[PDB]
Structure formats: C-alpha cells, structure tokens
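Encoded as structure tokens, the following chain is the form solved without its partner chain, with no partner shown.
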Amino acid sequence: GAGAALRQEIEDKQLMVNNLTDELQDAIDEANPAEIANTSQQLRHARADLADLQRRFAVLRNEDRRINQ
C-alpha cells in the first residue's frame, strides 16, 4: 500500500494529540494557568499538523486505489 511512513506518522501524531489533551484537562482540573497555556499552545500545533497529515494521506490513498483497482 501507498503512504506507509505517512500513515504511521498520523498514528504517532494522534497519540501525541491525545497525550496533550490528557495533560490539558489535568491542568484545568488543577487550575494551573501556566500549564494550561503551555499545553494548549502545543495541542493546537499538533492538531493543525495532524489535520494536514491526514489530508495528504487521503490524497495518496485515493490515488493508490484508482491506480490499483
């Protein structure tokens, strides 16, 4: 299949997004303004990067399917 390394990056990046979401919510429960700002800034970087990765992979997978059907 096409896009093996990219697919794996997407899963690695979804894991990071999830861990950072955990950390943000914990920082909210603790009312820790510094960590809320630290973690949320990173979470947004990661969520934007993930969405781009997923777009790139969808192109690749749709083209692979059309080439190989």
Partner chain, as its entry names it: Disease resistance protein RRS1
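Numbering follows the first chain given and starts at 1.
Here the subject shifts to the form deposited with its partner chain bound, a form of this protein not shown in this document.
S.K.: Using a 4.5 Å heavy atom cut-off, state whether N19 contacts its partner chain in the bound PDB entry.
M.R.: Yes.
S.K.: I'd like to check something about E11: if you look in the bound PDB entry, is any of its heavy atoms closer than or equal to 4.5 Å to a heavy atom of its partner chain?
M.R.: Answer yes; at least one heavy atom of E11 falls within 4.5 Å of its partner chain in the bound PDB entry.
S.K.: Within 4.5 Å, heavy atoms only: does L15 come near its partner chain in the bound PDB entry?
M.R.: Because a heavy atom of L15 falls inside 4.5 Å of its partner chain in the bound PDB entry, the answer is yes.
S.K.: Just to confirm, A34 within 4.5 Å of its partner chain in the bound PDB entry by heavy atoms?
M.R.: Heavy-atom contact with its partner chain at 4.5 Å: present for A34.
S.K.: Would you mind checking 28-57 for residues with a heavy atom within 4.5 Å of its partner chain in the bound PDB entry?
M.R.: Sequence-ordered list: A34, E35, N38, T39, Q42.
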